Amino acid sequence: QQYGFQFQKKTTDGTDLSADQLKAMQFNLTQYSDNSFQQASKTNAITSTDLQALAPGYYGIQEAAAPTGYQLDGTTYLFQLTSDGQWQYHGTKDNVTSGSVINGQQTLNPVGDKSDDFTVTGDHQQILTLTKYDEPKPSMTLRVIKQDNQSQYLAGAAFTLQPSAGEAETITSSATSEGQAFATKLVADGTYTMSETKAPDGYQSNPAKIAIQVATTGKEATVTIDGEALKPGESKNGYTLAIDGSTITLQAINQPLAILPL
């Protein structure tokens, strides 16, 4: 007798989410003036916690901000609560349709692997629940090529990447054509730093820290060495920048230690 609406927010990658990203996550529920869905009456934000009790009428639910690091789906699904208590689905905002009863569960539009649905929960079929999924924003990897003064591949060199917020992770150079990669992927609009953790046996120290701040896209980055901007194919302090889509590659040349004589 007292009908309502709520959504649960799921994930495609399978990752469950903490409340810290849910800070960003924002959803809005609109009530339209006409069955046309063309002009809003009242629109109010709604959280994952709530149920809005809904009067018979035409309504729209759309994610306004995705949880931090997951991709935004600004689809606005469109439904109606009929005066006799039935629920019905009208489409997206970009595809308004003549209205279907939502019989148990209605699958909506796919999100990568998955598809969002409406499900009519409740004893008197009187709670309508939307399940929205969120595609994780793409990551990005860090690669190290470490070389001697003689352009021969060098191993034993170690670099630690110190994430702005997070635990540092360190790898030791392998003298391989294909270099060495950090397991710790660089997440979109995340800020990190790294230098050499320990100089290789025969070679001098390397002072410059490289600080890499990834775009919100997570498909591009800005990397600066000791605060100085560098570009792929350019070399500052014995580091060379090489970007292959999601991959960031550092080839570093090490000089041998100065050996002064007795």
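Start at 1 and count along the sequence shown; that's the residue number.
Set 191 to 199 against 54 to 62 and average the Cα temperature factors; 191 to 199 ends up higher.
Here the stretch with the larger average CA B-factor, out of 181 to 189 and 85 to 93, is 181 to 189. Within the selection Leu128, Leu142, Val111, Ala168, the deposited Cα B-factor values reach their highest point at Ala168. Residue-level inspection of the entry shows that, of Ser164, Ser98, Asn103, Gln71, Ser164 has the top Cα B-factor. Sort the modelled residues of the chain by CA B factor and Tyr153 lands in the highest third. Per the PDB record, residue ranking by Cα B-factor puts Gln213 in the highest third of the chain. The entry lists a Cα temperature factor for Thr176 that places it in the highest third of the chain's modelled residues. Residue-level temperature factors show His124 in the highest third of its chain, judged at the C-alpha atom. Among all modelled residues in its chain, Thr49 ranks in the middle third by Cα B-factor.
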